[PDB]
Asks: 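Below: one structure in structure tokens.
Every heavy atom of this structure was used, including side-chain atoms; hydrogens, water molecules and symmetry mates were not. Every chain is numbered from 1 and lettered A, B, ... according to where its sequence line falls, protein lines coming before strand lines.
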Amino acid sequence: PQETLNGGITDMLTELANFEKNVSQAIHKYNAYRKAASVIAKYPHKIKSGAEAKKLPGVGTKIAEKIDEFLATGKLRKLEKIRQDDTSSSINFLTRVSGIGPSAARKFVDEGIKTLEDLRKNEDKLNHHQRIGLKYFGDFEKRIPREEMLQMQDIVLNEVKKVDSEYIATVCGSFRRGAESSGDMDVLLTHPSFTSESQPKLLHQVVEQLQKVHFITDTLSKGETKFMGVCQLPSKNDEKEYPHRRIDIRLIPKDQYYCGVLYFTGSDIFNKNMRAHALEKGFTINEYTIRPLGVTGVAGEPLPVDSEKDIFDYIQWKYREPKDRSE
DNA sequence: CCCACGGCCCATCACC
DNA sequence: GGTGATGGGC
DNA sequence: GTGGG
Ligand SMILES: Nc1ccn([C@H]2C[C@H](O)[C@@H](COP(=O)(O)NP(=O)(O)OP(=O)(O)O)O2)c(=O)n1
Ligand SMILES: [Mg+2]
Ligand SMILES: [Mg+2]
Ligand code: NA
Ligand code: NA
């Protein structure tokens, strides 16, 4: 559906969702509003009343009332008021800095720190991640055109094979679903010597090499299985520099890999829909495995999975191209 | 009336 | 020094 | 906030 169908309503709900997460610290209300926004966004008609909306699953009494007020006035008094509130709107804004959550934003605003400028003035109170988030605030809210993702993929797959030609690397996420732009880059990594029944160097080696060729520029977090950091394409000398980008690299056991690829190729909406169907034939699927639910819900042993397809087979669904896993 | 609300790794805090 | 809890991200 | 035991 076109966004201008009910965009006014969904904008309202998303903004409400944001204030619940960031200011009220009510995560389940945040998800409630999002779910409501999502189901309304998929609704193929212009909503004329809150009662009409209430028919949709996830839209209840309170949101129905909010829709009525919005339809009658073009606004929400509560939303209008919290927008004007310096404290609440500053708290809500600072959470856009990667590394600053509802709690940190709260503490900052409590002690007079409300803007990016104030953050820049008080580096002493920021942790490593927050400093990076601050330094690349602008860049991190930029999307990544597919053409750059391709170039980023070229570098990653090249350098990974250079380190060890037995590595397997896959760019997942919205890129693998064929999106024409992405928020970040997700890389899944495996190696024939790393399975469930098993360096910590395997992830480190790759990260280090990507640093050596000046692709990776910063590190947010780095463990033995998960890396989160910043990367940047090289410039053309004449041409102006590319924005810095967020990149995640996950090292996964060889025998948990194609569950990982499925999960982290995702679409959140597809994952939960494929979750949904999986439990209905008595299967539970997470990022690691697919397990048969038992006569009680006895989730037993992981089944063998050597491809994305096997997982589709288990729950009698035909293989869906990542291109179509929007939902 | 009352509880659940897809999950987990890493950095850092709280506390012994 | 350490273990467990919490914040944050995705 | 919504849904359901
Ligand atoms: N908590 C999480 C985090 C990620 N995922 C899955 C679904 C996502 O499509 C996939 C990758 O996560 P993601 O990077 O945050 N989203 P994605 O790459 O699809 O789109 P972008 O907004 O980054 O362009 O992992 C998930 O199912 N639950
Ligand atoms: Mg992504
Ligand atoms: Mg990601
Ligand atoms: Na409803
Ligand atoms: Na943030």
Asks: How close or far is atom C1' of B:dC3 from atom CG of A:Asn31, stated in whole angstroms?
Replies: 16 Å
Asks: Where along nucleotides 3-10 of chain C does protein come under 4.0 Å, by heavy atom, of base (B) or sugar-phosphate alone (S), with - for untouched nucleotides?
Replies: ----SSBS
Asks: Just call it for A:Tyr33: base, sugar-phosphate, or nothing, with non-hydrogen atoms closer than 4.0 Å on any strand.
Replies: sugar-phosphate
Asks: Could you give the CZ-to-P distance, from A:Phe227 to B:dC10, as a whole number of Å?
Replies: 12 Å
Asks: Let me check something: any side-chain donor-acceptor pairs from residues 261-268 of chain A under 3.5 Å, sequence neighbours excluded? List them with distances.
Replies:
residue: A:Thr265; atom: OG1; partner: A:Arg176; partner atom: NH1; Å: 2.8
residue: A:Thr265; atom: OG1; partner: A:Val261; partner atom: O; Å: 2.6
residue: A:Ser267; atom: OG; partner: A:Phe270; partner atom: N; Å: 3.2
residue: A:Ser267; atom: OG; partner: A:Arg325; partner atom: O; Å: 3.1
residue: A:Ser267; atom: OG; partner: A:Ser326; partner atom: O; Å: 2.6

Asks: Just to confirm, is there a sub-4.0 Å distance from OP1 or OP2 of B:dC10 to any side-chain nitrogen or oxygen of A:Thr225?
Replies: yes
Asks: Short of 4.0 Å, heavy atom to strand atom, which residues of residues 318-327 of chain A count as contacting DNA chain C?
Replies: none
Asks: Please confirm whether A:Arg146 makes a cation-pi placement over A:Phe175, using NZ or CZ under 6.0 Å from the six-membered ring centre and within 45° of the ring normal.
Replies: yes
Asks: If you define the side chain from C-beta out and look only at heavy atoms, does anything of A:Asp248 sit under 4.5 Å from A:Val187?
Replies: no
Asks: Heavy-atom count check: over 12 atoms from other residues, nucleotides or ligands less than 6.0 Å from A:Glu80 CD?
Replies: yes
Asks: Whole angstroms only, please: what is the CG-P distance between A:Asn271 and B:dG6?
Replies: 13 Å
Asks: Test side-chain hydrogen bond (donor to acceptor under 3.5 Å, both in side chains) on A:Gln209 and A:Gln205; report intermediate values, then the result.
Replies: CA-CA 6 Å; A:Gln209 174 64 19; A:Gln205 282 191 326; over 6 Å; no
Asks: Whole angstroms only, please: what is the NZ-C1' distance between A:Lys222 and B:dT12?
Replies: 18 Å
Asks: Could you walk me through whether A:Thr195 and A:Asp255 pass the side-chain hydrogen bond (donor to acceptor under 3.5 Å, both in side chains) test, one step at a time?
Replies: CA-CA 6 Å; A:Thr195 68; A:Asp255 48 330; 4.5 Å; no
Asks: Write down the distance separating the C1' atoms in D:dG3 and B:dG6, rounded off to the nearest Å.
Replies: 16 Å
Asks: Nearest to the A:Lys29 side chain among B:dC8, D:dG1, B:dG6, which nucleotide is it?
Replies: D:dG1
Asks: Should A:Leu279 and A:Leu303 be regarded as members of a common hydrophobic cluster, given that ILVMFWY residues are connected when their side-chain heavy atoms come within less than 4.5 Å of each other, either directly or indirectly?
Replies: no
Asks: Rounded to the nearest angstrom, tell me the gap between atom CD1 in A:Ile290 and atom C1' in B:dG6.
Replies: 15 Å
Asks: Just checking A:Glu287: base, sugar-phosphate only, or nothing, at a heavy-atom cut-off of under 4.0 Å?
Replies: sugar-phosphate
Asks: Mind calculating the distance between CD1 (A:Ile27) and P (B:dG7) to the nearest angstrom?
Replies: 14 Å
Asks: If you compare all heavy atoms of A:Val213 against all heavy atoms of A:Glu159, which two are closest, and at what distance to 0.1 Å?
Replies: CG1-OE1, 3.6 Å
Asks: Any chance you could lay out the side-chain hydrogen bond (donor to acceptor under 3.5 Å, both in side chains) test for A:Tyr33 and A:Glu20, step after step, and finish with the verdict?
Replies: CA-CA 9 Å; A:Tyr33 277 119; A:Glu20 294 295 346; 4.6 Å; no
Asks: Please name all residues satisfying ring-ring contact (aromatic ring centres under 6.0 Å, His included) with A:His45, sequence neighbours left out, ordered by chain then number.
Replies: A:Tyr43
Asks: Mind calculating the distance between CD1 (A:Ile67) and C1' (D:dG1) to the nearest angstrom?
Replies: 12 Å
Asks: Taking atom types as they are modelled, is there a donor-acceptor pair under 3.5 Å from the base of B:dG7 to the side chain of A:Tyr288?
Replies: no
Asks: Output the rounded distance in Å from CG (A:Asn127) to P (B:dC13).
Replies: 8 Å
Asks: If you apply the rule side-chain hydrogen bond (donor to acceptor under 3.5 Å, both in side chains), what do you find for A:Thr170 with A:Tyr257, and how did you get there?
Replies: CA-CA 10 Å; A:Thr170 309; A:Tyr257 188 70; 2.6 Å; yes
Asks: Which pairs, with at least one residue in residues 114-138 of chain A and sequence neighbours excluded, count as a ring pair (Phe, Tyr, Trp, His ring centres under 6.0 Å)?
Replies: A:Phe93-A:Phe137, A:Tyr136-A:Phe140, A:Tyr136-A:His244
Asks: Restricting both atoms to N or O, compile the protein contacts to nucleotides 3-5 of chain D shorter than 3.5 Å, with distance only.
Replies:
residue: D:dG3; atom: OP1; partner: A:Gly58; partner atom: N; Å: 2.9

